[PDB]
């Protein structure tokens, strides 16, 4: 009858806190987790939780996200439990996931409240963006340890850019993040370049720093010449949606129009 839930991602953990739910394990993260989970044990990093540690807690439900569904299949196999891959790649997707979590875990009122808040902020920002005369063309880079990718409309940051009134210069939509070389970056004309870090932020920012100094293509971008290359904080600007999308939407709108 009772649920023993283990969220494997920081976004899921913060979502279950907004839903007023207890959990039995939590991800290993450098990020701030809700205070109420201070004492629950860590189960390893989101992308590779410890199979042995998760089993130990006798969970009823182990939760993951759409963004890494394929890379998580072996984990769930070894766990020998049902895969849960909540869509956290857009506001609409996360809204659906929140409703689903509310239904699964008897938190329908709490889910509706959070969804209503996020919907209200989204609508308000989209309303403001509609009234803007100009809309920046935007290139979004997602830096990970060793390399950087380009974010599409299918990624959370892509959705945020769209909501805030930006036009993503990357038009391909079949995956969330694409290689630095999938679309050619000489064929785009962005007003704004956004750089988001992941996994190892310190290493990523010095990597972006060195890339922009050493790869000749960047000096020629007008966003670079006009000082509109922005390094975004991984919190609220992460690799998936999170319940602090209200802050992310508001902050991005304010960066675009100031």
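Residue numbers count along the first chain shown, from 1.
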Inset, instruction - With reference to the PDB entry, specify whether the mean Cα temperature factor is higher for 22-30 or for 40-48. - result: 40-48
Inset, instruction - For the higher mean C-alpha B factor in the entry, choose 101-109 or 180-188. - result: 180-188
Inset, instruction - Report the third (lowest, middle or highest) to which the CA temperature factor of residue 82 belongs, ranking only the modelled residues of the same chain. - result: highest
Inset, instruction - Rank-wise, by C-alpha B-factor, drop residue 160 into the lowest, middle or highest third of its chain. - result: lowest
Inset, instruction - Relative to the other modelled residues of the same chain, rank the CA B-factor of residue 53 and answer lowest, middle or highest third. - result: highest
Inset, instruction - Classify residue 201 as lowest, middle or highest third according to the C-alpha B-factor given in the PDB entry, relative to its own chain. - result: highest
Inset, instruction - Can you work out whether the C-alpha temperature factor of residue 225 puts it in the lowest, middle or highest third of the chain? - result: highest
